[PDB]
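Visitor: Handing you a structure now.
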Number of protein chains: 2
Amino acid sequence: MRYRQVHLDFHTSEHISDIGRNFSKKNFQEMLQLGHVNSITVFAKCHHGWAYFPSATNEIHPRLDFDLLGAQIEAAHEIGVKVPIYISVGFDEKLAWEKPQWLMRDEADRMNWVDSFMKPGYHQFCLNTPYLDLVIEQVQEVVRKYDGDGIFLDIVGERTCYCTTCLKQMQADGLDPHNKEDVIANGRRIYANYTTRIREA
Amino acid sequence: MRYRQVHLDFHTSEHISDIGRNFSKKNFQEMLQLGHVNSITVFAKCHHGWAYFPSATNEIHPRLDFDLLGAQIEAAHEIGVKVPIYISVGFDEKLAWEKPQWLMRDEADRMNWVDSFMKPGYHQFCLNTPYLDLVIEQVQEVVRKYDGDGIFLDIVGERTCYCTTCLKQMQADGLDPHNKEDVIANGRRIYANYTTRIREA
Ligand SMILES: [Zn+2]
Ligand SMILES: [Zn+2]
């Protein structure tokens with residue numbers, strides 16, 4: 001495990017243009033060397049939900065014209081820098097707008113982290129929904145196609161969720177959604193099911 | 001237009017059994033005569049979302065074994081009583097559980113009439129969504145298959161809606177969701193579009 005890592009965030013709005021236009025192998029390598037960096041986690045998929053590579057299971061950032069993920073792995077590997085790859089799991093904001101039925105709900109029907117679409121911020125998906133199948137596909141694509149040094153999966157953990165899918169499933173399994181213990185235990189199974197499916201894929 | 005009408009409600013939970021088991025042509029006719037009733041609006045589709053006939057575009061109440069709508073029209077028509085037919089539009093609670101993405105939202109993401117699924121009551125659909133296409137199909141089926149004397153369409157009117165579909169559509173049409181006037185005017189178009197499609201179908 002390398003001692004000198006950078007976690008390179010790239011949560012980038014669809015409403016910003018010319019993504020990566022000022023990227024260069026030379027600039028990326030010079031700054032890693034200036035920083036004495038020997039590992040840099042770079043983005044395949046951000047909170048806004050875009051891919052930074054020409055993806056078949058997800059949509060590339062609509063203002064990105066080239067394989068930024070590919071260019072970063074190559075530039076770093078050519079100077080002996082490892083490159084783990086980041087995938088946002090809990091957040092996919094451009095999918096949130098198409099599939100709000102897959103978002104987490106509390107007892108009072110509230111989304112997190114932000115409780116409406118009329119305010120800025122991100123809306124967390126429930127991994128007890130078919131969103132899990134889309135995550136596995138997208139993780140599989142990145143692991144097949146890119147020579148990364150690992151996967152960092154973000155916005156995950158044991159939750160308590162009262163979404164339509166969870167409430168139906170709890171009732172069918174004889175659990176009581178009004179019993180907090182039952183919902184906490186459901187969420188322990190939901191999270192373990194997600195990490196088991198990731199390790200097997 | 002007949003002077004002596006009854007509006008016969010039939011909002012019936014999936015969790016009640018033996019629907020219609022004590023129905024009879026004789027009982028239905030005796031009570032219409034006791035009441036001096038010359039028209040009775042009967043249900044094709046209730047707030048809970050079930051059909052009271054063996055429907056191909058909607059699901060029959062899961063505890064109903066026979067064509068209750070058909071039996072009521074026949075029993076009434078055979079004693080000269082007209083039978084308009086009721087269809088819940090705004091409410092379809094069993095669909096609400098499958099398609100929460102089609103439900104109305106206020107500025108703060110709240111459903112109406114009831115602001116969560118963890119409380120009893122009904123959740124109103126937005127007619128700016130593909131739910132409108134399902135309503136037209138279901139209205140078409142009832143009008144084709146049954147010799148009714150009219151259609152009563154319930155839980156409809158001009159709304160203000162901030163659901164994901166409405167917010168995207170308003171932004172694409174250059175309307176401002178933060179401008180109340182813009183959202184009111186959008187809802188006037190949404191409602192007129194619904195009543196125009198019903199009259200044409
Ligand atoms: Zn859930
Ligand atoms: Zn709407």
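Chain labels A, B, ... are given in the sequence in which chains occur in the structure tokens; within each chain residues are numbered consecutively from 1, and ligands are likewise numbered from 1 in the order shown.
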Would you kindly report the residues of chain A within 8 Å of chain B, using only C-alpha atoms, as a compact mmCIF listing (two decimals) with C-alpha atoms, in the first residue's frame?
Guide:
# COMPACT_ATOMS: atom_id res chain seq x y z
CA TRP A 97 -34.04 12.86 -12.15
CA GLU A 98 -35.17 9.84 -14.28
CA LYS A 99 -35.66 7.21 -11.47
CA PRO A 100 -36.81 9.00 -8.30
CA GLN A 101 -38.69 5.74 -7.38
CA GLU A 107 -40.51 7.57 7.67
CA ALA A 108 -41.84 11.02 6.52
CA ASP A 109 -41.01 10.44 2.78
CA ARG A 110 -37.90 12.70 2.87
CA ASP A 115 -35.10 16.90 0.80
CA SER A 116 -36.23 18.25 -2.60
CA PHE A 117 -35.21 18.76 -6.26
CA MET A 118 -35.95 22.55 -5.88
CA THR A 164 -41.95 1.90 -1.64
Visitor: Near residue 76 of chain A, within 10 Å and counting only C-alpha atoms, which residues show up once chain neighbours fewer than 5 positions away are dropped, as a list in words?
Guide: residues 25, 28, 29, 32, 37, 38, 39, 40, 71, 81, 82 and 83 of chain A
Visitor: Please write the residues from the selection above to a file, keeping N, CA and C atoms, as a tab-separated table (two decimals), in the first residue's frame.
Guide:
chain	number	residue	atom	x	y	z
A	25	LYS	N	-1.07	14.99	-20.64
A	25	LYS	CA	-0.15	14.01	-20.00
A	25	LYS	C	0.98	14.78	-19.31
A	28	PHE	N	-0.31	16.63	-16.07
A	28	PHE	CA	-0.72	15.64	-15.04
A	28	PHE	C	0.55	15.05	-14.38
A	29	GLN	N	1.58	14.77	-15.17
A	29	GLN	CA	2.82	14.12	-14.68
A	29	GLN	C	3.66	15.11	-13.89
A	32	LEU	N	2.02	15.63	-10.44
A	32	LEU	CA	2.22	14.43	-9.57
A	32	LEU	C	3.64	14.44	-9.01
A	37	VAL	N	3.71	12.41	-5.47
A	37	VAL	CA	2.52	11.53	-5.38
A	37	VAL	C	2.87	10.19	-6.03
A	38	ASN	N	2.58	9.08	-5.36
A	38	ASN	CA	2.90	7.73	-5.90
A	38	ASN	C	1.60	6.93	-6.09
A	39	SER	N	0.42	7.51	-5.82
A	39	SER	CA	-0.91	6.93	-6.16
A	39	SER	C	-1.97	8.04	-6.28
A	40	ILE	N	-2.86	7.98	-7.25
A	40	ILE	CA	-3.91	9.02	-7.36
A	40	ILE	C	-5.21	8.31	-7.75
A	71	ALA	N	-6.77	8.45	-20.33
A	71	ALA	CA	-5.61	9.37	-20.43
A	71	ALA	C	-4.94	9.52	-19.07
A	81	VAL	N	3.16	5.77	-11.20
A	81	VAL	CA	2.09	6.17	-10.22
A	81	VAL	C	0.89	5.23	-10.39
A	82	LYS	N	0.48	4.54	-9.32
A	82	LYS	CA	-0.75	3.70	-9.28
A	82	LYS	C	-2.00	4.58	-9.33
A	83	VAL	N	-3.10	4.02	-9.82
A	83	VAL	CA	-4.35	4.78	-10.10
A	83	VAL	C	-5.54	3.93	-9.71
Visitor: Taking only residues of segment 73-140 of chain B that have an atom at most 12 Å from an atom of segment 9-24 of chain B, what is each one's shortest atom pair and its distance in Å to one decimal, using only C-alpha atoms, in chain and number order, as CSV?
Guide:
residue,atom,partner,partner_atom,distance
B:74,CA,B:24,CA,11.2
B:75,CA,B:24,CA,8.5
B:76,CA,B:24,CA,11.4
B:85,CA,B:9,CA,10.8
B:86,CA,B:9,CA,8.7
B:87,CA,B:9,CA,10.7
B:88,CA,B:11,CA,9.5
B:91,CA,B:11,CA,10.5
B:92,CA,B:11,CA,10.5
B:93,CA,B:13,CA,9.8
B:94,CA,B:14,CA,8.8
B:120,CA,B:13,CA,11.4
B:121,CA,B:13,CA,11.2
B:122,CA,B:11,CA,10.9
Visitor: Under the rule that only C-alpha atoms are counted, which of B:127, B:180, B:137, B:34 is the nearest residue to residue 195 of chain B?
Guide: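 Answer, going by the shortest atom-to-atom distance: B:127.
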